[PDB]
Amino acid sequence: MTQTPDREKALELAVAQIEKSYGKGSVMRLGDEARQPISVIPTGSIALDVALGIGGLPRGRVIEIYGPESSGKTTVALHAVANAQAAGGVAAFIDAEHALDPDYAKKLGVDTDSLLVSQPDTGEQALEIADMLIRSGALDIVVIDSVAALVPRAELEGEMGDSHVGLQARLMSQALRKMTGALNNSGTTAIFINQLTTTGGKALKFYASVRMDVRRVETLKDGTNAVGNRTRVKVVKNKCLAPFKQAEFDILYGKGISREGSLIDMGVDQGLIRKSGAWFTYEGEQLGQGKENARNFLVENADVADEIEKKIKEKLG
Ligand SMILES: Nc1ncnc2c1ncn2[C@@H]1O[C@H](COP(=O)(O)OP(=O)(O)OP(O)(O)=S)[C@@H](O)[C@H]1O
């Protein structure tokens, strides 16, 4: 085929016709600029926000965060909550692990007091409770802790002959379908924490519109012991912007995600902040000597912090 121009035009209608029936994120080029909506739940880390493309989590979708135990998910999730919350939004927390610490959550910015919590007996109850709580069209964000802890009724009792094995993947399958509808039809985004899959996974893997692979990189040293960690997240799936994009941020013990720290790391890799060796400078005057001093600077001089964060959004968005 001695073609050339008439190709790019035909390929247009291809994609064009693909999206028209399968959705707008069905086909993409890893290079495509990202589409951008009105609502988006900031994750609390400008780095990851600019790796999700839309600058934060997508409403009306189902998000999946998975990875080793003690990676960062619940933090990354609780943050999403604090944001959705600080915008006058209401959130619920479906607990199947019984491992939430409000003091921490509160430090991150969660308004625990008005944080709706639920602790289901069986897995179905947990998902059925999340359903209506979703159909009310009142919740902004809902997070189910552990897709691996939602044991079906059967297993929880004595089981049945009929045909068992793989009761979750079904409990999930069924659930996910009935739910997907109410989600992308109410504007409530739902987060599913997965503990490192094949569990109830499969189902979710596909329904999920954004899949996050969270993992700890190093144990952030601090001259002393260990303030926080160096988490690395990678959107393995993302129907809202080109996927396979990754980000890294710090999680200070008891402090949570270091917004400021991200402000700096993104700052330098965007030319807005300079590095005169150990020295962190920003458009003239100095920020400090060493990322921590820098961070410690931004944390209090919160007035400038916002300036920098503001500009990075005018630079990429
Ligand atoms: N209650 C807490 N108090 C102090 N630090 C915490 C607390 N919960 C989490 N962290 C820190 O945050 C990081 C892990 O976030 P987690 O909430 O454990 O998320 P995961 O998403 O890692 O969670 P499991 O799956 O580990 S709860 C680590 O660096 C922890 O030290």
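Using a cut-off of 13 Å between beta-carbons, work out the net charge of the residues near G267 (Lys and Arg +1, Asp and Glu -1, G267 not included).
Residues near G267 contribute +2 overall.
What are the residues whose amide H is under 5 Å from the amide H of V90, where those residues sit 5 or more places off or on another chain and H is modelled from the backbone?
Here the answer is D140, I141, since their amide H atoms fall under 5 Å of that of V90.
Largest first and to the nearest Å, give the Cα extent of the chain along each principal axis.
Sorted largest first, the three principal extents are 72, 65, 34 Å.
Using modelled amide H (1.01 Å from N, peptide plane; none on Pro or chain starts), what sits under 5 Å from the amide H of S146, excluding residues fewer than 5 places away?
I193
Contour minus end-to-end for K107 and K178, with contour as 0.36 nm per residue of separation and end-to-end as the Cα-Cα distance?
22.1 nm
Okay, helix-only estimate at 222 nm for the chain: each DSSP H run of n ≥ 4 adds -39500 (n - 2.57), divide by all residues, round to 500 deg cm²/dmol; what do you get? Walk me through the intermediate numbers first.
Numbers: 10 runs with 113 residues, N = 317.
When only DSSP H runs of four or more count, the value is -11000 deg cm²/dmol.
Among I144, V233, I18, which residue has its Cα furthest toward the positive end of the charge dipole of the chain, with +1 on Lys/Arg Cβ and -1 on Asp/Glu Cβ?
Value: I18.
What share of all Cα pairs of segment 258-317, in percent, falls into each consecutive 10 Å distance bin?
Per 10 Å bin, starting at zero, the Cα-Cα P(r) for segment 258-317 comes out as 25, 63, 12 percent.
In whole Hz and in residue order, list the ³J(HN,Hα) couplings for segment 164-169 that follow from phi through the Karplus curve 6.51 cos²θ - 1.76 cosθ + 1.60, θ = phi - 60°; x for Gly and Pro.
8, 6, x, 7, 5, 5
Using each residue's phi in segment 275-283, evaluate 6.51 cos²θ - 1.76 cosθ + 1.60 at θ = phi - 60° and report the 3J(HN,Hα) Karplus result to the nearest Hz, with x for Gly and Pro.
9, 7, x, 6, 8, 9, 10, 8, 6
Among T188, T112, which comes first, then next, by fewest other beta-carbon atoms within 10 Å?
So the residues, fewest neighbours to most, are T112, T188.
Arranged by the count of other C-beta atoms within 10 angstrom, fewest first, what order do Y22, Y253, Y66 take? Display every interim value, and only then the final one.
Details: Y22 10, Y253 13, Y66 25.
Placing the least packed residue first, the sequence is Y22, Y253, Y66.
Could you list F249, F244 so that the one with the fewest beta carbons within 10 Å of its beta carbon is first and the one with the most is last?
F244, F249
Going by amide H atoms built from the backbone, whose H comes under 5 Å of the H on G228, apart from near neighbours?
So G228 has HN proximity to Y253.
Laboratory data are not the source of any read-out in this text; all were calculated from the coordinates shown. Using ideal geometry, Cβ is built from the backbone for each residue, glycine included, and neighbour counts are taken over all protein chains shown.
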